[PDB]
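Peer 1: Quick one: structure below, then a few questions.
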Amino acid sequence: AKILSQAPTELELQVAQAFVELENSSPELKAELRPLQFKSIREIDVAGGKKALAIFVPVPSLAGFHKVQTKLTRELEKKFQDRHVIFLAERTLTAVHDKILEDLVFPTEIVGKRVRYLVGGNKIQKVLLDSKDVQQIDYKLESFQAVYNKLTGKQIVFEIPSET
Amino acid sequence: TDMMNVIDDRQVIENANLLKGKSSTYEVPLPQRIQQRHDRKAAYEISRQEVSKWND
Amino acid sequence: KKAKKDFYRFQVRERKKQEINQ
Amino acid sequence: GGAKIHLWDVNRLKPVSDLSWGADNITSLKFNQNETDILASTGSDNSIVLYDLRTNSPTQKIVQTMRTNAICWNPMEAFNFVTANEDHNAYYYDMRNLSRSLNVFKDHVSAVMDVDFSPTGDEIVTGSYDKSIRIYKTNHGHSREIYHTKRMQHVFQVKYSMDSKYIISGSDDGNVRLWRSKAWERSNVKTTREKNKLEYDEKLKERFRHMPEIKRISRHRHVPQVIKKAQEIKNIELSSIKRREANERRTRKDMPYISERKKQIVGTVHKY
Amino acid sequence: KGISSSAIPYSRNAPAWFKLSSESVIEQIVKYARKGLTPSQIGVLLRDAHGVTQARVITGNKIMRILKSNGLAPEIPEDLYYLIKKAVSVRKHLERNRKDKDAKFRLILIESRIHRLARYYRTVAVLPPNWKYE
Amino acid sequence: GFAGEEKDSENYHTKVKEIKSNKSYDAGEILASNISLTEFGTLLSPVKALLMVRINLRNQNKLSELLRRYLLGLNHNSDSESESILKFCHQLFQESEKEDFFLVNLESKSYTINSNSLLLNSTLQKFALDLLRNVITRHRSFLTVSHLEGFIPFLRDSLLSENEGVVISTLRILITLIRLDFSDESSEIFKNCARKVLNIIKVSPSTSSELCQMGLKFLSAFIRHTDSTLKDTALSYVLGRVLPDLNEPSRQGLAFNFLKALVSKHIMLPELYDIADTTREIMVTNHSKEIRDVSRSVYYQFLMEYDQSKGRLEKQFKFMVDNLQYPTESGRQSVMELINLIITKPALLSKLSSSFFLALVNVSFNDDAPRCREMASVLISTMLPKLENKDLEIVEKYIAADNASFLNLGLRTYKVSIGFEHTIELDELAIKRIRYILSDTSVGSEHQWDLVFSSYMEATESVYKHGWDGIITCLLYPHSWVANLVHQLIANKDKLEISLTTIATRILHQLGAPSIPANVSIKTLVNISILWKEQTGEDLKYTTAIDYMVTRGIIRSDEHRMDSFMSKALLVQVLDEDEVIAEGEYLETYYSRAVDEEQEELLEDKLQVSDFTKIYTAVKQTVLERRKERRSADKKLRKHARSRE
Amino acid sequence: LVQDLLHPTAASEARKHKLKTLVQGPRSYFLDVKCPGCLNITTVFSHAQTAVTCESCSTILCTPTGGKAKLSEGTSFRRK
Amino acid sequence: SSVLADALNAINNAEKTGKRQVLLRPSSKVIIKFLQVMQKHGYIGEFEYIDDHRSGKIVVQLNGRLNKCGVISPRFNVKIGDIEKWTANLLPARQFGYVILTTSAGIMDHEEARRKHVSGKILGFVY
RNA sequence: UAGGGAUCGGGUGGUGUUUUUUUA
RNA sequence: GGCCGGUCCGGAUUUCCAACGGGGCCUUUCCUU
Ligand SMILES: [Zn+2]
């Protein structure tokens, strides 16, 4: 319906059916899922075993996905459940890694990046999340660092300036 | 279920097919680090159990 | 209030129209 | 302890277990003396992490304000340890209730580099980054005695010999030195009249400890003047913080009292 | 001399409470500039009223860039404009009462501060050289 | 060396020659170079020439995979498959089994003790690795006892006293060698290394290490193929050590093979009943392929091949029912595969085939899309191998089981005592005749309103795909043929019915009117063109040509090209059919241009009619221009272009 | 006194000056105000520096001060 | 002044007055490399890179190993035959301390520079 | 070399008294 | 290199999973410059 012109996968058709299902349940949404489009989705497991769906959106609709993102992500975490899902941008290059991290985490925040240089010559690259949404944020941090790992090559550890 | 409640309505033979007298099982599960936090909480509880021995 | 009668190039357009009409 | 804590035996050349919580190095660690399966470590997350090797897992973590330099367990109590951290005081922690560091030994002026117990289990020894070691009783929280010499500098590793009589202080200028623990006693066998006399007036000093000139004599030492200046200006700024806190406590509705032992804890995983 | 500055936050996908679009911001900006508002004032008005954090982080480009991009740009930079009109006001005041040697000292300092960014602006050539004090 | 350091360094920006092809080079090189006498010695000697100084774990690990590349080259070409390499292996096994008062000494610097004594042992460990994969040269009919008894006393040392580098491969060799009956000393070595792996599991505080996993595979082989397995309480301890590791299935694998082996040898162990519970748990919830499958294998072998309590043997099926609703979309499919294996390879199938039928019906009515196909397949396999009374009560509950009754009628018909199925079809005909009320007319009215849930419809379309009563069904099929896919299925059913047995004009006009106001629509268009060729002959032909001109968005344009291809006397009937196909003479526009070239290729009278139609289109352009010039959207005549670009 | 020069306590971070922290930040905050003439929402800065006027019911909402702008006596705000 | 130079003055006199942690901003990448090699040789301890958007703040934690860092102004070329005389007139003793050079193939001290057999222009020194 | 007590100018927060209340 | 039958009671057939390496290759498509 609203994909890019390449032939999708069957689970892409299933999540597209979820999209047209939310469009069938129309008049609670403010015609928000009329200008949608995605280039491609791709799903990949984490070391925890469960999978994650990177959906690449051609970026007027990263900001077009404005306040609809939370409602539709709990909607499709009910419909195509148990697989952690994320929306991403696409193609110096530190800027594009920065931006894909910035929308990769959530529309929540990041508040600071550290990288400590140990005495063995290694480095540890920490990113620091906001203070909020933590009961659903903590459930997906290893997924976030796994998808940043296999989407950048870099190594990143997420943490919150909180207890855990 | 809705299908079970629509089917098993008339006949007396229910104790052969309607074995589902108990609710479901097998949660999602929880993710890896949260499972780690839970069972190491259990580890801290059994460790405090095993040194409350040494208290006396 | 704090609008300006200067400082913009459409304002140099209106003031060149001023300085050629007067 | 390295970039991640590894458990291995001497029979195989690979780490038998990873053990870390996450991506943070492990600055020191120490096994237990009894319940030998349990151990503790300190990471540069300003964090204490206890591990149990029966379950082969870390088991709790607390985060404090400043970085913990060195742990040492108790030989006698077996579930109490001492952390030495970089704020200038050592912390006699429990293990079973890690939310109240049940003693704070305070009288230092710089970072406390290591610590260990006496083998008799009631007298601990801290060596710190200022050029002075000092020996604490367990149930006081202030210095029993200060040892320093002009040639020792930045004393890093102080340990207690296995007969509770000598204090080995390895400094930063290279030298490792011996000290007595009870600095007035001597190490020969004594005839029983000498033993009865020294023990007699030991008990006598103990019961007349609070007379106000026995106390000044038994409290008088001679510290180097760097430590003297740092201790007295630490005293005047602590009095200033206490006074300004008293003013806020006079005005404001609810600035609740926190204990001195609970002050330095900034967090604890597994709240109960 | 001390410090008195704003500290713009670490965030740059700002600010997630912004219901408004990114085109009405440019519409409000060109409205205020063709009302005749200097870059600083249009920035502060849509910061307070139609609350943006800053337009350089809500829109993808600073407001001088979007003023040039909508054909509304100034002919002299804002700092040189404000400092020039301060110079002409203090000159008019000293012309009125010529005994104010404190205003003379301040006018010398103001003209030196004019010449500083004037020769800076000649070296970067935003306004063209041969330019010396209108 | 320095080129490798500069290739893996960091202050080194770029070049095109970056990826190190040397690791591939040697595995391509020793194919030719396997003299295995002299040049292979000149391969392994510069290994030691750096392995006598100092080597970190990084250099060690890349050298270990470099030796793996050597061994892969030997797997490709093994130059002599007769024992000249085996004597070479045995050879390297034998190889890897007051004066200071005058002495000025200046610029003093101490050396370190690491240099000799790490390299005293590490070279031996790597030689044992290289050599022992060289013994896992796997070529059949080259393993004899007379071949291998020279090597047993060497591997019996580097099994015990090795420290972890080669042990995993030495007992892999013993897994390969457990088939061949060796001498008595060597069978004692087999039992001795069984005690060794028992002590390995006794010392290691994790079974999810590669050492314990490989040793579990060795104990799997030792359980399966020897004369007398023993130390049964010891292997019960081993299994009790295994069971808390199965919270994390991660290359356990080998461990499940161990479970397979002792559940095949059928030893009564009371902890296996908890092993079955945890393997059912990870069988559903585990989020990998093939680990769920081997867990299905072990759980199924336990459930079919061990005993059970007479309440527990149905309690596990109650667990099967409770996992039939599982929220992920593949663990449920693994549940379906195990239920398939339950129904296949018994009176247990009859005893459980009522609850299983009801649960498979509820899983057919589930929400997962590709699992519904497996639900249909398992429902068909459960209905076909069912008993008499079980299938009778199943069809009774399916008949009696309003949209619930519709879905149950559709499912019972899809599974479908053929006279009893026809009686169910009679009740379904009572449903179907009441299941045609103004729906296609409402669909046409919605199409006209647009130009200004079909559940029973899809169920009756399924019943029509299953099927004077059939003639009345074909009449109702025209009523719903004349919800887009529902109308497409109705059109497919009516096309099949009209191919089976004025009416053609009405059918073709209702087919054409649906395209104006899909692949199934293309099939119905081909069927309607077949009916138009089978067909007031010239009047209906002019009606079809007028319908093609009214047709001539990509689907309707393809329908117009298909109708013109079905139309193409050659032009005496096609005079009134090129009124729009020549008017068209943007990838859909490129395909329409290809369609116009197709219509132009597929003739003197046709060319004359085409020239007259071109003049008529010029006349129509003149008439539209005259209407416009008499009317004269000034800025609207450019607003379209200014809004397009 | 003696502070961990890395990540300190939040009680000290909210205490020291907004420049002098390890990573600087703002301290003003946006907030939704209801103009009491016609009840509809507008956002407003805290150190608002100018007299905002809710153009729907154009009364006045906050007059500025040297620091935080005080709000006009019938207004109602949500911090956000 | 320079950006490496005042950071080195900071971590010099701060441990001269005997502290354990220092702060240094603006933390350019040459400062990163310069104290990267000194924690490689064990003269400071671990160090954190707080990264704001402005320039970054390096926080070095250090023990009492070090006594003097220092930069050389200006940064002029030296040969393999020159680094020995520069270690002579730049360090107190010979086999003690290091001299840090921006070499062409990396950023290293004098012993790894003469080990990889390269050179470059002199940068700074630490003993 | 650092620390402390004030004091002036601005700001933030607290919550008692001087203050007041539909004129700003 | 491991996991699955189906030919017969351990030699040939096969699916999937990993590790290397091989080939076509996805992104200046609209524009003076
Ligand atoms: Zn209003």
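How things are named: the first chain in the structure tokens is A, the next is B, and so on; residues count from 1 in each chain; ligands count from 1 in the order shown.
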Pick out the residues no farther than 6 Å from ligand 1, counting only C-alpha atoms (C1' of nucleotides) and all ligand atoms, and list them as an mmCIF file with C-alpha atoms, in the first residue's frame.

Peer 2:
```
data_model
loop_
_atom_site.group_PDB
_atom_site.id
_atom_site.type_symbol
_atom_site.label_atom_id
_atom_site.label_comp_id
_atom_site.auth_asym_id
_atom_site.auth_seq_id
_atom_site.Cartn_x
_atom_site.Cartn_y
_atom_site.Cartn_z
ATOM 1 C CA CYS G 35 -5.775 33.072 29.790
ATOM 2 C CA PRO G 36 -8.852 33.554 31.974
ATOM 3 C CA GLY G 37 -10.917 35.484 29.455
ATOM 4 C CA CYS G 38 -11.384 32.629 27.005
ATOM 5 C CA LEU G 39 -10.020 29.408 28.415
ATOM 6 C CA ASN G 40 -7.450 28.199 25.926
ATOM 7 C CA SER G 56 -7.330 34.681 21.361
ATOM 8 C CA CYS G 57 -8.475 36.720 24.374
#
```

Peer 1: Residue 29 of chain E: which residues within 10 Å, counting only C-alpha atoms (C1' of nucleotides), same-chain residues fewer than 2 positions away excluded, as a list in words?

Peer 2: residues 23, 24, 25, 26, 27, 31, 32, 33, 34, 35, 37, 39, 42, 43, 45, 46, 55, 63, 66 and 67 of chain E

Peer 1: Print the selection's residues with N, CA and C atoms to a file, as a CSV table (one decimal), in the first residue's frame.

Peer 2:
```
chain,number,residue,atom,x,y,z
E,23,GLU,N,6.5,24.5,9.7
E,23,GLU,CA,6.2,25.5,8.7
E,23,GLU,C,5.6,26.8,9.3
E,24,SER,N,4.7,26.6,10.3
E,24,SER,CA,4.1,27.8,10.9
E,24,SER,C,5.2,28.6,11.7
E,25,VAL,N,6.3,28.0,12.1
E,25,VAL,CA,7.4,28.7,12.7
E,25,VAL,C,8.0,29.6,11.7
E,26,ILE,N,8.2,29.2,10.4
E,26,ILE,CA,8.8,30.0,9.4
E,26,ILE,C,7.8,31.1,9.0
E,27,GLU,N,6.5,30.7,9.0
E,27,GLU,CA,5.5,31.7,8.7
E,27,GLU,C,5.5,32.8,9.8
E,31,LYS,N,6.4,36.7,9.2
E,31,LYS,CA,5.5,37.7,9.6
E,31,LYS,C,6.1,38.8,10.5
E,32,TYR,N,6.9,38.4,11.4
E,32,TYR,CA,7.6,39.3,12.3
E,32,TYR,C,8.6,40.2,11.6
E,33,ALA,N,9.3,39.5,10.7
E,33,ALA,CA,10.4,40.3,10.0
E,33,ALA,C,9.8,41.3,9.0
E,34,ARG,N,8.7,40.9,8.3
E,34,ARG,CA,8.0,41.9,7.5
E,34,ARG,C,7.1,42.9,8.3
E,35,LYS,N,6.9,42.6,9.6
E,35,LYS,CA,6.5,43.6,10.5
E,35,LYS,C,7.6,44.5,10.9
E,37,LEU,N,11.0,43.4,12.5
E,37,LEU,CA,11.6,43.0,13.7
E,37,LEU,C,13.1,42.5,13.5
E,39,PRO,N,16.5,40.3,14.0
E,39,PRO,CA,16.7,38.8,14.3
E,39,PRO,C,16.6,38.5,15.8
E,42,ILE,N,12.9,38.9,16.8
E,42,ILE,CA,12.0,37.9,16.3
E,42,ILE,C,12.2,36.5,17.0
E,43,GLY,N,13.5,36.3,17.3
E,43,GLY,CA,13.9,35.1,18.1
E,43,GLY,C,13.3,35.1,19.5
E,45,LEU,N,10.6,36.8,20.5
E,45,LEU,CA,9.2,36.8,20.5
E,45,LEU,C,8.6,35.4,20.2
E,46,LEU,N,9.2,34.7,19.3
E,46,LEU,CA,8.7,33.4,19.2
E,46,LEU,C,9.3,32.4,20.2
E,55,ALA,N,15.0,28.5,17.0
E,55,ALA,CA,14.6,28.1,15.7
E,55,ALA,C,15.7,27.3,14.9
E,63,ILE,N,18.1,31.7,11.8
E,63,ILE,CA,17.1,32.6,11.3
E,63,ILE,C,17.6,33.6,10.4
E,66,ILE,N,17.3,31.7,7.2
E,66,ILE,CA,16.0,31.6,6.6
E,66,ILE,C,15.5,33.0,6.2
E,67,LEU,N,16.0,34.0,6.8
E,67,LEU,CA,15.6,35.4,6.3
E,67,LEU,C,16.2,35.6,4.9
```

Peer 1: Name the residues in contact with segment 90-107 of chain A at a cut-off of 8 Å, using only C-alpha atoms (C1' of nucleotides), excluding same-chain residues fewer than 5 positions from it; report them as an MDAnalysis selection string.

Peer 2: (chainID A and resid 56:59 144 148 152) or (chainID E and resid 13 16) or (chainID J and resid 27)

Peer 1: Report, in Å to a single decimal, how far apart atom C1' of residue 19 of chain J and atom CA of residue 287 of chain F are.

Peer 2: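 Atom-to-atom, atom CA of residue 287 of chain F to atom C1' of residue 19 of chain J, that is 22.1 Å.
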
Peer 1: Just give me the gap between atom CA of residue 11 of chain C and atom CA of residue 76 of chain E in Å, one decimal is fine.

Peer 2: 12.0 Å

Peer 1: Using only C-alpha atoms and a cut-off of 9 Å, which residues of chain B sit close to chain F? Please list them as a list in words.

Peer 2: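 Residues of chain B within 9 Å of chain F, counting only C-alpha atoms: residues 1, 2, 3, 4, 5, 6, 7, 8, 9, 10, 11, 16, 17, 18, 19, 20, 21, 22, 23, 24, 25, 26, 27, 28 and 29 of chain B.
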
Peer 1: Please report, as a PyMOL selection string, each residue of segment 112-246 of chain D to which DSSP assigns helix (DSSP H, G or I) when run on this structure's backbone.

Peer 2: chain D and resi 192-207+214-219+225-246

Peer 1: Residues as selected, C-alpha atoms, written as a PDB file, in the first residue's frame, can you do that?

Peer 2:
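The resulting file, result.pdb, is reproduced below:
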```pdb
ATOM      1  CA  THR D 192      54.428 -12.599  85.409  1.00  0.00           C
ATOM      2  CA  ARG D 193      55.048  -9.590  87.618  1.00  0.00           C
ATOM      3  CA  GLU D 194      55.685  -7.500  84.496  1.00  0.00           C
ATOM      4  CA  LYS D 195      52.701  -9.096  82.798  1.00  0.00           C
ATOM      5  CA  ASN D 196      50.504  -8.346  85.794  1.00  0.00           C
ATOM      6  CA  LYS D 197      51.754  -4.772  86.010  1.00  0.00           C
ATOM      7  CA  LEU D 198      51.356  -3.915  82.319  1.00  0.00           C
ATOM      8  CA  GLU D 199      47.966  -5.559  82.186  1.00  0.00           C
ATOM      9  CA  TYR D 200      46.981  -3.891  85.463  1.00  0.00           C
ATOM     10  CA  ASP D 201      47.651  -0.369  84.418  1.00  0.00           C
ATOM     11  CA  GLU D 202      46.239  -1.133  80.973  1.00  0.00           C
ATOM     12  CA  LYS D 203      42.919  -1.860  82.692  1.00  0.00           C
ATOM     13  CA  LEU D 204      43.474   1.181  84.879  1.00  0.00           C
ATOM     14  CA  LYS D 205      43.977   3.557  81.926  1.00  0.00           C
ATOM     15  CA  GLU D 206      40.874   1.993  80.412  1.00  0.00           C
ATOM     16  CA  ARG D 207      38.671   2.828  83.363  1.00  0.00           C
ATOM     17  CA  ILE D 214      44.509  11.469  81.239  1.00  0.00           C
ATOM     18  CA  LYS D 215      42.464  12.005  78.093  1.00  0.00           C
ATOM     19  CA  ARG D 216      44.641  14.840  76.827  1.00  0.00           C
ATOM     20  CA  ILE D 217      47.824  12.879  77.490  1.00  0.00           C
ATOM     21  CA  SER D 218      46.549   9.659  75.935  1.00  0.00           C
ATOM     22  CA  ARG D 219      45.149  11.630  73.002  1.00  0.00           C
ATOM     23  CA  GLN D 225      52.098  19.937  60.118  1.00  0.00           C
ATOM     24  CA  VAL D 226      50.619  19.312  56.673  1.00  0.00           C
ATOM     25  CA  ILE D 227      48.144  16.938  58.300  1.00  0.00           C
ATOM     26  CA  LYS D 228      47.692  19.409  61.155  1.00  0.00           C
ATOM     27  CA  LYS D 229      46.765  22.298  58.845  1.00  0.00           C
ATOM     28  CA  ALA D 230      44.511  20.101  56.731  1.00  0.00           C
ATOM     29  CA  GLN D 231      42.741  18.680  59.777  1.00  0.00           C
ATOM     30  CA  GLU D 232      42.062  22.046  61.367  1.00  0.00           C
ATOM     31  CA  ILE D 233      40.816  23.691  58.187  1.00  0.00           C
ATOM     32  CA  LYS D 234      38.675  20.608  57.626  1.00  0.00           C
ATOM     33  CA  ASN D 235      37.319  21.248  61.098  1.00  0.00           C
ATOM     34  CA  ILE D 236      36.481  24.886  60.436  1.00  0.00           C
ATOM     35  CA  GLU D 237      34.738  24.128  57.159  1.00  0.00           C
ATOM     36  CA  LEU D 238      32.809  21.255  58.720  1.00  0.00           C
ATOM     37  CA  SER D 239      31.680  23.589  61.490  1.00  0.00           C
ATOM     38  CA  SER D 240      30.633  26.070  58.811  1.00  0.00           C
ATOM     39  CA  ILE D 241      28.576  23.448  56.969  1.00  0.00           C
ATOM     40  CA  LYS D 242      26.993  22.452  60.277  1.00  0.00           C
ATOM     41  CA  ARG D 243      26.074  26.062  61.080  1.00  0.00           C
ATOM     42  CA  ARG D 244      24.539  26.806  57.679  1.00  0.00           C
ATOM     43  CA  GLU D 245      22.674  23.513  57.872  1.00  0.00           C
ATOM     44  CA  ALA D 246      21.387  24.583  61.284  1.00  0.00           C
TER      45      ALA D 246
END
```

Peer 1: Just want the 7 Å neighbourhood of segment 64-77 of chain G, counted on only C-alpha atoms (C1' of nucleotides), with same-chain residues fewer than 4 positions away dropped. Output as a VMD selection string.

Peer 2: (chain G and resid 31 to 36 46 to 51) or (chain I and resid 11)

Peer 1: Could you save those same residues with N, CA and C atoms (P, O5', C5', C4', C3', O3' and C1' of nucleotides) as a PDB file, in the first residue's frame?

Peer 2:
```
ATOM      1  N   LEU G  31       5.938  26.481  30.099  1.00  0.00           N
ATOM      2  CA  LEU G  31       4.768  26.253  30.926  1.00  0.00           C
ATOM      3  C   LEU G  31       3.536  26.759  30.199  1.00  0.00           C
ATOM      4  N   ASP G  32       2.453  26.013  30.338  1.00  0.00           N
ATOM      5  CA  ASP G  32       1.206  26.278  29.644  1.00  0.00           C
ATOM      6  C   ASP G  32       0.326  27.145  30.526  1.00  0.00           C
ATOM      7  N   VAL G  33      -0.097  28.294  30.018  1.00  0.00           N
ATOM      8  CA  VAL G  33      -0.915  29.219  30.789  1.00  0.00           C
ATOM      9  C   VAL G  33      -2.294  29.340  30.160  1.00  0.00           C
ATOM     10  N   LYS G  34      -3.312  29.385  31.012  1.00  0.00           N
ATOM     11  CA  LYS G  34      -4.698  29.566  30.607  1.00  0.00           C
ATOM     12  C   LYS G  34      -5.044  31.038  30.732  1.00  0.00           C
ATOM     13  N   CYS G  35      -5.326  31.697  29.620  1.00  0.00           N
ATOM     14  CA  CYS G  35      -5.775  33.072  29.790  1.00  0.00           C
ATOM     15  C   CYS G  35      -7.227  33.052  30.250  1.00  0.00           C
ATOM     16  N   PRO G  36      -7.568  33.785  31.305  1.00  0.00           N
ATOM     17  CA  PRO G  36      -8.852  33.554  31.974  1.00  0.00           C
ATOM     18  C   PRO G  36     -10.032  34.169  31.265  1.00  0.00           C
ATOM     19  N   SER G  46       9.675  31.072  31.004  1.00  0.00           N
ATOM     20  CA  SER G  46       9.650  31.419  32.417  1.00  0.00           C
ATOM     21  C   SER G  46      10.288  32.775  32.643  1.00  0.00           C
ATOM     22  N   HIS G  47      11.433  33.002  32.012  1.00  0.00           N
ATOM     23  CA  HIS G  47      12.146  34.270  32.114  1.00  0.00           C
ATOM     24  C   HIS G  47      11.753  35.131  30.919  1.00  0.00           C
ATOM     25  N   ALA G  48      10.450  35.403  30.853  1.00  0.00           N
ATOM     26  CA  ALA G  48       9.771  35.613  29.586  1.00  0.00           C
ATOM     27  C   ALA G  48      10.123  36.916  28.887  1.00  0.00           C
ATOM     28  N   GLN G  49      10.759  37.874  29.566  1.00  0.00           N
ATOM     29  CA  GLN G  49      11.464  38.998  28.938  1.00  0.00           C
ATOM     30  C   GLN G  49      10.596  39.992  28.161  1.00  0.00           C
ATOM     31  N   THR G  50       9.302  39.714  28.012  1.00  0.00           N
ATOM     32  CA  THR G  50       8.388  40.561  27.260  1.00  0.00           C
ATOM     33  C   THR G  50       6.969  40.219  27.687  1.00  0.00           C
ATOM     34  N   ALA G  51       6.050  41.128  27.403  1.00  0.00           N
ATOM     35  CA  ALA G  51       4.662  40.922  27.786  1.00  0.00           C
ATOM     36  C   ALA G  51       4.001  40.066  26.722  1.00  0.00           C
TER      37      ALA G  51
ATOM     38  P     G I  11      16.497  41.097  40.929  1.00  0.00           P
ATOM     39  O5'   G I  11      16.694  39.540  40.700  1.00  0.00           O
ATOM     40  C5'   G I  11      16.743  39.012  39.388  1.00  0.00           C
ATOM     41  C4'   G I  11      17.276  37.607  39.379  1.00  0.00           C
ATOM     42  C3'   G I  11      16.497  36.606  40.200  1.00  0.00           C
ATOM     43  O3'   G I  11      15.352  36.144  39.523  1.00  0.00           O
ATOM     44  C1'   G I  11      18.810  36.315  40.562  1.00  0.00           C
TER      45        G I  11
END
```

Peer 1: Could you make a table, as a Markdown table, of the residues of chain G that have an atom within 8 Å of an atom of chain D, each with its nearest atom pair and distance in Å to one decimal, counting only C-alpha atoms, in chain and number order?

Peer 2:
```
| residue | atom | partner | partner_atom | distance |
| --- | --- | --- | --- | --- |
| G:1 | CA | D:237 | CA | 7.6 |
| G:2 | CA | D:87 | CA | 7.0 |
| G:3 | CA | D:66 | CA | 7.6 |
| G:4 | CA | D:66 | CA | 5.5 |
| G:8 | CA | D:65 | CA | 7.1 |
| G:9 | CA | D:65 | CA | 7.2 |
```
